[PDB]
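**Q**
Residue numbers (our numbering), protein chains in the order written: chain A, 16 to 245; chain B, 228 to 437; chain C, 2 to 88.
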């Protein structure tokens, strides 16, 4: 039923601007407050700001204070988070959340506010000094020493791409058992890098083909390279 | 701020999650179940607090400058991360807890390690990435060491951990040592030392070994 | 001038409330803001709103003093806080 579909995101550079917009179907807006909170990947939650759509009472967080500007329109049944003076820390997945009501509630008894009953979904917001880049794919093959009746580890290294995400598949998805697609990590220079591996019995090694299917939709890159024993 | 940040128990084990508060006045206490990879979800507001047909399950109260969420009969679904939320009576601001995580306590697991030499294709570019894999081990807590020609490496490696496997509740870890082709070609011994308790296991490769 | 709040429908789990603003001023100002809560404990407002003159607050806790206040939507002043007890 009731949702808080958000929008915006993409990529902007440090000292940039990205105006976030969160629509709202189902619930009678104006009363249920709209809240912006960031979930920086790997770390936890960080509240950005809150506002009471009908009365329009501004509430910002010290981390982002002044940089952003929150607003909304009761007619549009939608809220707006204006992101300005973006800095490196601002990289996060932004979340939209709905709160309670009661003008008395917001005033006087505020500290007794109910929690964010209805949340949004998240849209990637990456602030970096680069451009859409396709990854480089290199193989990670085992050798004949690694035998031990069924132990052979191989995989693909997806290096130096931007922005997230990339999808990784093995033999057009068929190879799924054992696959440990690692979460992405960034290289000190500022480019994304992950690894994807899978364990196989040391009997089928040559007989069985291993094609890691990598896709970088951001730059419409589709790499279908095979991993051969060395 | 929460006193726990990462915990572990088993199915059915009554667990206690804590979270430090700002005191001020007896204020709101809302916790959220952020299942890894989905979106934060509120448990429910039911006096005793739960997420089902008015059960107990996720139940909480207040204890001092902290609050609690002790669940009694732990079930598989519950395993996730949890955050404590409040409403300050200052500028209508919203604080947040550090974030606690729940892990499935599994028998001590062996870090099977397989080291990977940088592919020859990559070396052409001028970069050398040697990666070390710690497959299906528990606890997550471990220590990986990179020694090149018996010289411990510092400020040159990156690490990545998967999320707990859904059946055996293990982890897979990748530590990636990025080296320059030049520096790579001038050395021979390449080892990745793992210390999982009092048994420190090493796996190495020699430049050219094939 | 704030609404006057009074109770006619207490129960074990139900507290039913009523307010009576004077007819001369009955400009039917949108809805009425019934801002209720528990006492010094569980803070979930659970506030309900209605343009009528009476509300039937349901799913309330037994033998508990719930704090209640009615506010004119103000699109200007709210009523005094009231304390009622379930059965």
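Note that CB positions come from ideal geometry on N, CA and C, so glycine has one too.
Quick check: residue 116 of chain A and residue 50 of chain C, are their CB atoms within less than 8 angstroms of each other?
**A** For residue 116 of chain A and residue 50 of chain C, yes; Cβs fall inside 8 angstroms.
**Q** Mind listing the chain C neighbours of residue 253 of chain B? Cutoff is C-beta to C-beta under 9 angstroms, in chain order.
**A** Correct list: 41, 42, 44.
**Q** Listed from N- to C-terminal order along the chain, which residues in the region 31-51 of chain A have their beta-carbon within a distance smaller than 9 angstroms of any beta-carbon of chain C?
**A** Hits within the stretch, in order: 46.
**Q** Closer than 8 angstroms, Cβ to Cβ, to anything on chain B: give me those residues from the region 49-77 of chain C, in chain order.
**A** If the cut-off is 8 angstroms between Cβ atoms, the region 49-77 of chain C has 62 near chain B.
**Q** Who are the neighbours of residue 79 of chain C on chain A, taking C-beta pairs under 7 angstroms?
**A** By Cβ distance, chain A contributes 119.
**Q** Measure the C-alpha to C-alpha separation of residue 100 of chain A and residue 30 of chain A and round it to an integer number of angstroms.
**A** Cα-Cα distance, rounded: 5 angstroms.
**Q** Under a three-way DSSP split, which group does residue 241 of chain A fall into?
**A** Residue 241 of chain A: strand per DSSP, three-state reduction.
**Q** At a CB-CB cut-off below 7 angstroms, which residues of chain C make contact with residue 68 of chain A?
**A** Those within 7 angstroms of residue 68 of chain A in chain C number zero; the least Cβ separation is about 13 angstroms.
**Q** Pull up the distance between the alpha-carbon of residue 335 of chain B and that of residue 32 of chain A, whole angstroms please.
**A** Those two C-alpha atoms are separated by around 49 angstroms.
**Q** Taking residue 127 of chain A as the query, report the chain C residues whose CB atoms sit under 7 angstroms from its CB, ordered along the chain.
**A** Here the neighbours are 38, 44, 46.
**Q** Just how far apart, CA to CA, sit residue 301 of chain B and residue 330 of chain B?
**A** If you take the alpha carbons of residue 301 of chain B and residue 330 of chain B, they lie about 12 angstroms apart.
**Q** Can you tell me the Cβ-Cβ gap for residue 23 of chain A and residue 44 of chain A, rounded? I've got them flagged as a contact below 8 angstroms.
**A** That belief does not hold up - the Cβ atoms of residue 23 of chain A and residue 44 of chain A are roughly 18 angstroms apart, past 8 angstroms.
**Q** Any chance the region 415-431 of chain B sits against the region 29-37 of chain C, with 3 or more Cβ pairs inside 8 angstroms?
**A** Flag = no, the region 415-431 of chain B and the region 29-37 of chain C do not touch.
**Q** Please name the residue, chosen from B:296, B:316, B:273, that lies closest to residue 125 of chain A on a Cα-to-Cα basis.
**A** The shortest C-alpha separation from residue 125 of chain A is found at B:316.
**Q** Do you know how far the Cα of residue 284 of chain B is from the Cα of residue 299 of chain B?
**A** Roughly 6 angstroms separates the two Cα atoms.
**Q** For residue 56 of chain A, which residues from the same chain have a beta carbon less than 6 angstroms from its beta carbon, with the 5 sequence-adjacent residues on both sides left out?
**A** Cβ neighbours of residue 56 of chain A beyond the five flanking positions: none.
**Q** When you check each C-beta in the region 269-296 of chain B against every C-beta of chain C, which residues fall closer than 8 angstroms?
**A** Result list: 272, 274.
**Q** DSSP puts residue 88 of chain A in a beta bridge; with which residues?
**A** Bridge partners of residue 88 of chain A: A:93.
**Q** With 16 as the cutoff for other CB atoms within 10 Å, does residue 171 of chain A come out buried or exposed?
**A** Buried: at least 16 other Cβ atoms inside 10 Å.
**Q** Which residue from A:49, A:205, A:214, A:62 puts its Cα closest to that of residue 103 of chain A?
**A** Of the candidates A:49, A:205, A:214, A:62, the one whose C-alpha sits nearest the C-alpha of residue 103 of chain A is A:205.
**Q** Using only alpha-carbon positions, find the residue among A:181, A:208, A:216 that is nearest to residue 233 of chain A.
**A** Looking at the Cα atoms, A:181 is the closest of the given residues.
**Q** With distances taken Cα to Cα, identify the nearest neighbour of residue 226 of chain A among A:217, A:236, A:213.
**A** For the residues A:217, A:236, A:213, the minimum Cα distance to residue 226 of chain A belongs to A:213.
**Q** Nearest chain C C-beta to residue 124 of chain A closer than 8 angstroms, yes or no?
**A** For residue 124 of chain A, the answer is yes, since a Cβ of chain C falls inside 8 angstroms of its Cβ.
**Q** With a threshold of 8 angstroms between beta carbons, is residue 155 of chain A in contact with chain B?
**A** Closer than 8 angstroms to some Cβ of chain B, the Cβ of residue 155 of chain A qualifies, so yes.
**Q** Look at the alpha carbon of residue 86 of chain C and the alpha carbon of residue 61 of chain C, and state the distance between them as a whole number of angstroms.
**A** C-alpha separation (whole angstroms): 10 angstroms.
**Q** Exposed or buried, which one is residue 377 of chain B when buried takes at least 16 other CB atoms within 10 Å?
**A** Per the 10 Å Cβ criterion, exposed.
**Q** Can you list, in chain order, the residues of its chain whose CB lies under 8 angstroms from that of residue 259 of chain B, leaving out five sequence neighbours each side?
**A** Cβ neighbours of residue 259 of chain B beyond the five flanking positions: 267, 268, 269, 270, 309, 310, 312.
**Q** Are the region 424-434 of chain B and the region 15-22 of chain C touching by the rule of at least three beta carbon pairs closer than 8 angstroms?
**A** Contact fails: fewer than three Cβ-Cβ distances are below 8 angstroms.
**Q** Measuring alpha carbon to alpha carbon, tell me which residue in A:194, A:160, A:47 is nearest residue 70 of chain A.
**A** Looking at the Cα atoms, A:47 is the closest of the given residues.
**Q** Between residue 276 of chain A and chain C, is there a C-beta pair that is closer than 8 angstroms?
**A** Summary: the structure shown does not reach residue 276 of chain A, with chain A confined to residues 16 through 245, and so no result is reported for it.
**Q** Look up residue 43 of chain A in the DSSP assignment and give the residues it is bridged to.
**A** In DSSP, residue 43 of chain A forms no bridge with anything.
**Q** In chain C, which residues lie with their C-beta within 9 angstroms of the C-beta of residue 115 of chain A?
**A** Those are 45, 46, 47, 48, listed as they occur along chain C.
**Q** Residue 53 of chain C: buried (16+ other C-beta within 10 angstroms of its C-beta) or exposed?
**A** It counts as exposed.
**Q** Compute the distance between the beta-carbons of residue 389 of chain B and residue 197 of chain A, then report whether it is under 8 angstroms.
**A** Result yes, Cβ atoms of residue 389 of chain B and residue 197 of chain A sit closer than 8 angstroms.
**Q** Near residue 4 of chain C, which residues of its chain fall below 6 angstroms by C-beta distance, leaving aside the five closest residues on each side in sequence?
**A** Closer than 6 angstroms at the Cβ level, and outside the excluded window around residue 4 of chain C, lie 20, 22, 71, 80.
**Q** Following the continuous beta strand (DSSP E) through residue 175 of chain A, name the residue where it begins and the one where it ends.
**A** Its beta strand (DSSP E) spans residues 167-176.
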